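Here the structure comes first, spelled out in structure tokens, and everything after it is commentary.
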Amino acid sequence: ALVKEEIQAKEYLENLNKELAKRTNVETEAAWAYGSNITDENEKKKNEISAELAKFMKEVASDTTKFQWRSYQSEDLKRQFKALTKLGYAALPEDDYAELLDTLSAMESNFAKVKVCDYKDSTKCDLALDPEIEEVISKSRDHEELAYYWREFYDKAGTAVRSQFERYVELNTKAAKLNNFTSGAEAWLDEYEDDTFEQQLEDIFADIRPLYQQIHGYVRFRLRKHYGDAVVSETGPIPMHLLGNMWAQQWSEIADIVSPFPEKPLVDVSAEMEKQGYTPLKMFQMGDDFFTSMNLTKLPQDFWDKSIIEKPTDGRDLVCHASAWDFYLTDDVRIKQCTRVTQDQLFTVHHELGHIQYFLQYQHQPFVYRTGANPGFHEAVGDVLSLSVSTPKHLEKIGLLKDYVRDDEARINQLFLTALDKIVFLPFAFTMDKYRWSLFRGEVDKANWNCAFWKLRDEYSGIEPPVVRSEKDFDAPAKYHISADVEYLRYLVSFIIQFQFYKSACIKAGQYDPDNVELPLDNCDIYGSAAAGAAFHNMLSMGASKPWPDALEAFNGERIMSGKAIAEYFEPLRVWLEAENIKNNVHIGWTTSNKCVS
Ligand SMILES: *[C@@H]1O[C@H](CO)[C@@H](O[C@@H]2O[C@H](CO)[C@@H](O[C@@H]3O[C@H](CO[C@H]4O[C@H](CO)[C@@H](O)[C@H](O)[C@@H]4O)[C@@H](O)[C@H](O[C@H]4O[C@H](CO[C@@H]5O[C@H](CO)[C@@H](O)[C@H](O)[C@@H]5O)[C@@H](O)[C@H](O)[C@@H]4O)[C@@H]3O)[C@H](O)[C@H]2NC(C)=O)[C@H](O)[C@H]1NC(C)=O
Ligand SMILES: C[C@H](N[C@@H](CCc1ccccc1)C(=O)O)C(=O)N1CCC[C@H]1C(=O)O
Ligand SMILES: *[C@@H]1O[C@H](CO)[C@@H](O)[C@H](O)[C@H]1NC(C)=O
Ligand SMILES: *[C@@H]1O[C@H](CO)[C@@H](O)[C@H](O)[C@H]1NC(C)=O
Ligand SMILES: [Zn+2]
């Protein structure tokens with residue numbers, strides 16, 4: 017009978033979770049070794065261990081049918097069993113799974129191994145994205161130089177893997193259908209446990225979209241004054257190579273030429289960091305300090321012993337794209353980052369340490385619950401601290417910002433700078449998954465795959481390639497997450513919910529009061545706040561033990577994902593910018609791009 021079985025089921029789950037953690041540890045070590053050191057041998061090792069774990073998962077999913085788990089009284093036991101039924105790629109036949117792994121490593125290794133020739137020196141051909149190409153994209157204001165590096169990178173990181181990407185789409189679809197999802201889009205969306213999640217995001221995006229259009233319009237206007245009308249048109253999409261980022265996902269690198277008040281201070285602490293002799297180690301130690309200051313968990317010795325926080329100086333190939341790793345034991349957590357001493361990198365350090373903190377907070381949970389409440393929660397943690405670190409308030413405390421006067425104009429500059437990262441990113445993030453969803457769902461014919469990408473980038477972000485592209489090119493995989501098969505919606509969710517977390521943490525810290533002019537949201541510093549840390553502890557320690565609205569409720573008593581907080585943060589900017597665009601007769605919106613030939 018069911019009472020006796022449920023008791024047996026509890027014991028079954030307890031043992032199985034511990035077994036799954038141990039088996040996943042082995043897979044994770046092999047994946048770490050490959051990412052840290054790309055070789056044919058490490059690839060083979062990584063993929064063979066994954067195939068072995070996949071085989072075990074199949075047996076697990078099969079064994080769940082021996083339990084009447086849907087009949088059980090315990091919501092907790094039912095939730096754990098449900099988690100185990102979800103095979104993902106491991107549902108594929110043995111041979112198909114092996115082919116998918118080989119396809120995935122082919123794409124990620126291609127991305128990681130991209131090298132281009134110097135614009136001025138065709139003999140020097142060892143320029144990698146990180147740091148060489150990204151340095152040019154972020155710093156150069158020579159539009160032809162920028163266009164050169166754009167084309168070279170997209171051709172090598174994107175177009176080169178079209179056939180592998182096509183096969184990946186086929187196998188991802190096959191896997192999804194074996195799990196009885198319609199496509200990989202539904203498989204990804206399942207992580208958010210909400211059948212209205214897409215509509216919710218459409219509604220939030222629509223509310224914020226008008227603010228994006230104002231920022232876009234103003235940036236385009238300012239770029240015209242810098243580059244001239246031969247390079248930037250008033251009415252067309254912005255040429256994306258001028259936006260300071262390879263994918264135009266964040267525009268903060270061009271703040272010095274588009275800032276509302278160029279005669280007033282604009283926060284850029286990179287120079288001071290270098291002057292004061294900052295190192296990657298110091299940046300991570302400072303991140304550690306921020307977390308512990310909030311009464312959260314200190315980084316364990318394994319982190320310091322085993323992390324890679326600087327680009328290796330030997331000849332080896334590796335994945336330099338920053339990442340945080342859980343090894344599913346106790347206190348074995350690691351970061352791999354090719355750390356540079358810049359302001360932007362200080363934020364990346366805090367982002368990655370947010371992941372690490374989440375790992376530490378939930379490591380006592382059973383294996384199946386050792387992940388984020390939803391993928392967006394995991395991405396949000398570090399960014400909440402980054403919002404605080406980025407404030408003039410905090411940066412003055414740590415001696416990185418000197419002789420700063422926070423008048424009305426300096427505040428607008430700072431808000432605009434933040435928006436160049438936070439608002440600009442929203443349409444970008446949405447398009448990454450809108451694109452892949454449309455491919456997964458079979459909504460775009462193979463003949464139209466590349467122009468379908470640029471169509472979305474045009475429709476949502478109002479940006480376009482610097483040169484004419486066609487279906488002979490394939491540009492999507494030039495973005496890491498697309499080559500590496502990492503779901504992107506997590507970042508759209510994060511950029512919305514991080515402001516919900518930040519607003520609440522700031523209120524708990526006594527750092528934000530909407531009726532107090534001396535306590536504005538955009539200058540809140542949660543450093544040293546045990547009350548803010550307590551909220552994080554309450555939420556993060558849950559892991560995935562409960563549906564995400566329960567995790568949000570543990571933080572601040574709310575159960576709904578909302579664009580209220582992000583709009584509240586930027587409201588003073590919205591008011592000022594709307595007026596400024598009217599004052600300067602700024603054209604808003606854009607004509608359809610001519611840069612992808614069908
Ligand atoms: C995705 O969706 C798929 C459906 O589109 C689904 O595939 C189905 O899974 C079913 C398993 O749940 C499976 O059902 C079995 O069918 C057997 C006979 O199938 C043959 O004939 C069919 C035509 O009539 C064909 O379509 C098939 O291809 C086969 O040729 C049955 O023999 C079998 O039965 C046994 O099991 C049931 C279930 O028992 C349950 O558990 C306890 C006992 O442990 C019961 O007390 C309880 O009541 C409960 O029912 C017993 O009742 C029975 O006595 C037998 O022991 C069973 O019905 C089905 O064949 C399969 N395919 C199709 C096309 O339907 C996938 O599983 C889904 N995938 C995922 C990941 O969810
Ligand atoms: C730097 C960061 N890395 C990823 C890593 C994703 C990942 C998942 C699984 C395996 C390898 C890498 C992360 O979320 O930490 C990142 O890609 N981020 C942060 C914000 C937006 C997004 C971007 O830069 O596109
Ligand atoms: C990289 O891997 C190779 C074998 O694939 C190994 O011999 C070598 O020690 C590794 N290099 C480094 C720097 O760890
Ligand atoms: C730190 O957290 C613990 C529980 O994790 C709590 O009991 C303690 O009160 C906190 N310290 C402070 C100063 O709030
Ligand atoms: Zn992240």
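To convert, note that position 403 of the sequence shown is 419 in the entry's author numbering; the numbers rise steadily by one, no gaps. Using N, Cα and C, we set each Cβ at its ideal position, and we do this for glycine too.
Counting other Cβ atoms within 10 Å of its Cβ, residue 297 stays below 16 and is therefore classed as exposed. In the DSSP annotation of this structure, the continuous segment of the beta strand (DSSP E) that includes residue 351 starts and ends at 349-352. Here residue 122 is actually not in contact with residue 131; their C-beta atoms are around 17 Å apart, not less than 8 Å. If you look at residue 176, you'll find it isn't in any alpha helix (DSSP H); DSSP assigns it neither H nor E. For the alpha helix (DSSP H) assignment, the uninterrupted runs of no fewer than 4 residues enclosed by the stretch 307-351 are, from N- to C-terminal side, 317-322. Secondary structure at residue 480: strand, using DSSP grouped into helix, strand and coil. Those residues that bring their Cβ nearer than 5 Å to a heavy atom of ligand 2 are 338, 339, 502, 507. Contact annotation: the stretch 361-373 does not touch the stretch 494-506, with fewer than three C-beta pairs closer than 8 Å.
The stretch 515-528 and the stretch 455-473 do not touch, with fewer than three beta-carbon pairs separated by less than 8 Å. Beyond the five residues adjoining it in sequence on each side, residue 333 comes within less than 7 Å, by CB distance, of 54, 128, 129 in the same chain, given in chain order. Those residues that bring their Cβ nearer than 6 Å to a heavy atom of ligand 3 are 53, 55, 57, 58, 330, 332.
Annotation for residue 196 indicates a beta carbon within 8 Å of some heavy atom of ligand 1. Placement of the Cβ of residue 81 at a distance of less than 8 Å from at least one heavy atom of ligand 1 is found. Classified as buried, residue 25 has 16 or more neighbouring CB atoms from the shown chains inside 10 Å of its CB.
Of the candidates 110, 423, 558, 423 places its Cα closest to the Cα of residue 279. Taking a C-beta distance under 9 Å as the contact criterion, residue 166 and residue 482 qualify as a contact pair.
Taking 8 Å as the cut-off, one finds no heavy atom of ligand 5 near enough to the beta carbon of residue 392. The DSSP-derived three-state label of residue 612 is strand. Only buried fits residue 124, as 16 or more other CB atoms lie within 10 angstroms of its CB. In the three-state reduction of the DSSP assignment, residue 95 falls in the helix class. Residue 492 holds the alpha-carbon nearest to the alpha-carbon of residue 452 among 492, 218, 426.
Exposed is the label assigned to residue 18, since fewer than 16 other Cβ atoms lie within 10 Å of its Cβ.
Proximity of the beta carbon of residue 550 to ligand 4 is indicated: a heavy atom of the ligand is located closer than 8 Å. Taking one beta carbon from each stretch, the stretch 343-360 and the stretch 45-63 have 3 or more pairs nearer than 8 Å; the two touch. The beta carbon of residue 220 is closer than 7 Å to those of 512, 579 in its chain, skipping five residues each way along the sequence. The C-beta distance from residue 252 to residue 607 rounds to 6 Å, short enough to fall under 8 Å. The DSSP-derived three-state label of residue 144 is strand. The C-beta of residue 328 has fewer than 16 other C-beta atoms within 10 Å across all chains shown, which makes the residue exposed. With distances taken between CA atoms, residue 569 lies nearest to 516 out of 516, 605, 531.
Within the model, the alpha-carbon separation for residue 532 versus residue 339 is close to 39 Å. Counted as a single uninterrupted DSSP element, the stretch harbouring residue 417 is not any alpha helix (DSSP H), since DSSP gives it neither H nor E. By the neighbour-count criterion, in which a residue is buried when 16 or more other Cβ atoms sit within 10 angstroms of its Cβ, residue 397 is buried. Here residue 36 has 383 as same chain residues with Cβ atoms under 7 Å from its own Cβ, once five neighbours each way along the sequence are excluded.
For ligand 4, no non-hydrogen atom lies closer than 8 Å to the CB of residue 232. Within the same chain, 146, 327, 336 come within 6 Å of residue 354 by CB-CB distance, once the 5 residues on both sides are set aside. With a cut-off of 8 Å, the C-beta of residue 546 is classified as near ligand 4, since at least one heavy atom of the ligand falls inside that distance.
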